[PDB]
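The chain contents come next:
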Amino acid sequence: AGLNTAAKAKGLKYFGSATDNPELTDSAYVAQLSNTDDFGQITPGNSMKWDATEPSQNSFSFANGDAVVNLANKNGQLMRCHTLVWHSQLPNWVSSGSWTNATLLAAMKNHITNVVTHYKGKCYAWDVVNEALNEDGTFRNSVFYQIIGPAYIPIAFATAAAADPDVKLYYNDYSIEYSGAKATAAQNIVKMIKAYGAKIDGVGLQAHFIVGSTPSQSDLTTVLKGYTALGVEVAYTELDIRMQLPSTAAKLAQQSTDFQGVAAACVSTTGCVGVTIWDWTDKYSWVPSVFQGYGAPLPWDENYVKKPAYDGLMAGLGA
Ligand SMILES: *[C@@H]1O[C@H](CO)[C@@H](O[C@@H]2O[C@H](CO)[C@@H](O[C@@H]3O[C@H](CO[C@H]4O[C@H](CO)[C@@H](O)[C@H](O)[C@@H]4O)[C@@H](O)[C@H](O[C@H]4O[C@H](CO[C@H]5O[C@H](CO)[C@@H](O)[C@H](O)[C@@H]5O)[C@@H](O)[C@H](O)[C@@H]4O[C@H]4O[C@H](CO)[C@@H](O)[C@H](O)[C@@H]4O)[C@@H]3O)[C@H](O)[C@H]2NC(C)=O)[C@H](O)[C@H]1NC(C)=O
Ligand SMILES: O[C@@H]1[C@@H](O)[C@H](O[C@@H]2CO[C@H](O)[C@H](O)[C@H]2O)OC[C@H]1O
């Protein structure tokens with residue numbers, strides 16, 4: 001009957017979508033977000049990030065994150081909670097601080113404990129650390145890495161596990177979905193967290209792909225199995241497939257094939273628990289303001305009408 005029904009029929013836990021608070025006043029938008037045939041899971045696109053939840057040190061703000069949890073709870077949708085430790089969307093007090101290892105570690109641990117305790121029992125998964133890697137697989141030189149060193153990653157996981165032992169703890173990144181230096185380094189993050197004795201349950205593969213430059217079904221499936229071989233689960237967490245504008249029938253058809261391969265790779269991999277698209281309508285896509293000349297990246301257009309990619313997804317889910 002839809003993407004989520006189709007996904008569950010192949011043993012996925014969900015097919016879902018990100019959203020953001022400003023969109024929840026658009027009633028036609030919210031009615032389709034709340035369509036559990038298509039969406040069995042929601043991610044808050046911004047309201048659980050550090051600048052939203054701890055805008056001043058030790059001053060926590062949960063109203064906007066809680067609004068998304070309440071919508072998911074009313075609908076019967078799962079939550080993915082996103083994201084605890086990330087170099088982007090930090091409030092000023094983190095980025096401008098004069099820190100020692102001790103004081104930044106205490107601030108990072110306090111952030112994690114407070115936010116994970118608030119959301120205890122509400123999240124299927126947390127994106128505990130986001131985007132810790134450079135494209136060459138070396139560690140991204142964020143304030144956390146500069147001041148604390150590599151330990152910040154396992155300490156973040158251990159701190160989340162102490163506050164909520166049940167939630168799945170994910171490492172989330174982009175350009176780790178196909179073989180290369182970064183994917184190898186993401187495997188090594190899994191191994192490093194376990195060598196420290198800390199818990200990691202999942203690898204989140206963002207899947208911000210490009211129409212006509214999407215990895216093949218077989219390349220995606222090799223990489224999914226590469227992570228599940230390590231004793232973690234996997235999910236595609238932020239799937240969108242951006243096209244060089246302007247849109248044409250040919251580009252929409254290529255986009256459908258590209259989406260179909262992503263869904264089919266996850267269905268073909270035991271331990272791929274689901275797919276989340278990074279919102280569902282081109283109207284609200286983050287892409288056009290970030291990627292010059294690119295857009296129309298989602299399975300519904302800016303009028304909430306299905307594009308061919310909706311059918312490509314359904315085919316990849318074996319509907
Ligand atoms: C801020 O404060 C915090 C809190 O006090 C400081 O946290 C400490 O951070 C240490 C890392 O900086 C961290 O050490 C690691 O511990 C884990 C766990 O070790 C325990 O368990 C294992 C397994 O049972 C056991 O073998 C150990 O004896 C311990 O009981 C280890 O897995 C880590 O081991 C890796 O790193 C070391 C050190 O690597 C550096 O130095 C070497 C040689 O000098 C150099 O070659 C290397 O390139 C690095 O510069 C290696 O000797 C090991 O072989 C391991 O290396 C593998 O893994 C790395 C990734 O983790 C790869 O990058 C590497 O290529 C290789 O594949 C390591 O010992 C402490 O546990 C942690 N303490 C606490 C209480 O949390 C933090 O340092 C501090 N920050 C600053 C800037 O001051
Ligand atoms: O509204 C946008 C968000 O959609 C965007 O989401 C980011 C994209 O970059 C990373 O992939 C990250 O994991 C996501 O949270 O963040 C910027 C914001 O303006």
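Residues numbered from 1 in each chain as written, not as in the entry; some residues may be left out. Chains lettered and ligands numbered in written order. Heavy atoms only, no water.

Per the deposited record, determination of this structure is attributed to X-ray crystallography, with the resolution reported as 1.4400 Å.

Looking up the protein chain in the PDB entry gives the name Beta-xylanase, with the organism given as Aspergillus fumigatus. Taken verbatim from the UniProt record of the protein chain, the Subcellular location (unreviewed entry) comment is "Secreted". Listed under Catalytic activity (unreviewed entry) in UniProt, the entry text for the protein chain is "Endohydrolysis of (1->4)-beta-D-xylosidic linkages in xylans." (UniProt positions renumbered as here; feature names shortened; annotations may be inferred.)

Moving on, we get to the overall build of the protein chain. Helix and strand counts for the protein chain stand at 12 helices and 10 strands. Its C-alpha atoms give the protein chain a radius of gyration of 19 Å, near enough to 20 Å, the size a compact globule of 319 residues would have. Counting only C-alpha atoms, the protein chain reaches 55 × 40 × 35 Å along its principal axes. For the protein chain, the residues scored as buried account for 57% of the 319 residues in total. Taking contacts inside the protein chain between residues at least 6 apart in sequence as the whole, the part at least 24 apart equals 78%. Counting every atom, the protein chain has about 12,000 Å² of accessible surface; 51% of that belongs to carbon and sulfur. In the protein chain, 21 positive and 27 negative side-chain charges are present, and the distance between their average locations comes to 6 Å. (Helix = DSSP H or I, 4+ residues; strand = E, 2+ residues; numbered from the N terminus. Rg over C-alpha atoms; globule rule 2.2 N^0.38 Å. Buried < 20%, exposed > 50% of the residue type's maximum accessible area, 1.4 Å probe, protein only. Contact = heavy atoms within 4.5 Å. Areas by Shrake-Rupley, 256 points an atom, 1.4 Å probe, with all protein chains shown as cover. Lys, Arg positive; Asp, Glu negative; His and termini not counted. Charge placed at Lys NZ, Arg CZ, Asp CG, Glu CD.)

Next up on the list: the site of ligand 2. Around ligand 2 lies a shell formed by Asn46, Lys49, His82, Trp86, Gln89, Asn130, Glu131, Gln206, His208, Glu238, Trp278 and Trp286. In this structure, an oxygen atom belonging to ligand 2 sits 3.3 Å away from a side-chain N or O atom of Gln89. Contact distances for ligand 2 include 2.8 Å between an oxygen atom and a side-chain N or O atom of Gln206. Contact with the protein chains hides 74% of the accessible area of ligand 2, taken as 430 Å² for the molecule alone. Taken together, the residues of the shell around ligand 2 break down into three nonpolar, six polar and three charged. (Near = heavy atom within 4 Å. Polar contact = N/O pair within 3.5 Å; in protein donor to acceptor, adjacent residues only side chain to side chain. Nonpolar A, V, L, I, M, F, W, Y, C, P; charged D, E, K, R; others polar.)

Quick look at the state of the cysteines now. Under the definition given, this model contains two disulfides. In this model, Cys81 is linked to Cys123 through a disulfide, with the two sulfur atoms separated by 2.0 Å. Its torsion about the S-S bond being -90°, the disulfide of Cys81 and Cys123 is classed as left-handed. Here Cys81 is found in strand β3 (residues 78-85), whereas its partner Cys123 is found in the loop between α6 (101-118) and β4 (125-130), with 42 residues between them in sequence. Residue classification places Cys81 among the buried positions, given a relative accessible area of 0%. The disulfide that involves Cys266 links it to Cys272, with 2.1 Å between the sulfurs. (Disulfide = S-S within 2.5 Å.)

Right, let's talk about the packing of α6 against helix α8 (residues 152-163) for a bit. Closest axis-to-axis distance for the α6/α8 pair is 9 Å, and the angle between their directions is 35°. Seen from above, α6 lies across α8 with right-handed handedness. Residues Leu105, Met108, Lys109, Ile112, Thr113, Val116 and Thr117 of α6 pack against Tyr152, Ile155, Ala156, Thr159, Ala160 and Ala163 of α8. Class assignment of the residues belonging to the contact of α6 with α8 gives a composition of nine nonpolar, three polar and one charged. (Axes fitted to C-alpha atoms, helices over the stretch in contact; angles between N-to-C directions. Left-handed = near helix turned anticlockwise from the far one by under 90°.)

Taken as a whole and judged by the stated rule, the model has one cavity of 30 Å³ or more. Put simply, the largest cavity is a space of about 40 Å³. Residue lining of the largest cavity: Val85, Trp86, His87, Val129, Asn130, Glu131, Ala132, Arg140, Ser142, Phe144 and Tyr152, and that is the complete set. Of the residues in the lining of the largest cavity, the class split is six nonpolar, three polar and two charged. (1 Å grid on protein atoms, 1.4 Å probe; cavity = no way out; pocket = protein on both sides within 12 Å on 5 of 7 lines; lining within 4 Å. Points joined across faces, edges and corners; volume = space filled by probe spheres on them.)

A separate point is the nonpolar core. In this structure, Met108, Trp126, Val129, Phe144, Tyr227 and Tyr236 are the most contacted members of the largest nonpolar core, which totals 96 residues. What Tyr227 contacts, discounting residues up to four positions off in sequence, is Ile176, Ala183, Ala186, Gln187, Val203, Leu205, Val232 and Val234. (Core = buried A, V, L, I, M, F, W, Y, C linked by side-chain atoms within 4.5 Å.)

Further remarks concern the packing of helix α11 (residues 249-267) against helix α12 (residues 308-316). Between α11 and α12, the least distance of the axes is 7 Å, while the angle of their chain directions is 25°. Classed by the angle they form, the pair α11 and α12 counts as roughly parallel. In this structure, α11 crosses over α12, and the sense of that crossing is right-handed. Contact with α11, carried on its side by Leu252, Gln255, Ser256, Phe259, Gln260, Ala263, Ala264 and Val267, involves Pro308, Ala309, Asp311, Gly312, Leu313, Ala315 and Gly316 of α12 and no other residues of that element. (Parallel < 35°, antiparallel > 145°, perpendicular 65-115°, else oblique.)

For the rest of this paragraph, the subject is the pairing of strand β5 (residues 168-173). Within a regular strand, the side chains alternate between the two sheet faces. Within β5, five of the six residues are buried, which leaves it mostly tucked inside the rest of the structure. Across five bridges, β4 lies against β5 in parallel orientation. Bridge pairing in β5 places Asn130 opposite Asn172. As paired strands, β5 and strand β6 (residues 202-205) are joined by four bridges and run parallel to one another. (Pairing = 2+ DSSP bridges.)

With that settled, consider the site of ligand 1. With respect to spatial proximity, the complete set of residues near ligand 1 consists of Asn101, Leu105, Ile147, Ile148, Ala151, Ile155, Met192, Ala195 and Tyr196. At 2.3 Å from an oxygen atom of ligand 1 is found a side-chain nitrogen or oxygen belonging to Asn101. In isolation ligand 1 has 1,400 Å² of accessible area, and contact with the protein removes 24% of it. Taken together, the elements giving at least two residues each to the shell around ligand 1 come down to α6, α7 (143-148) and α9 (181-195). Class assignment of the residues belonging to the shell around ligand 1 gives a composition of eight nonpolar, one polar and no charged.

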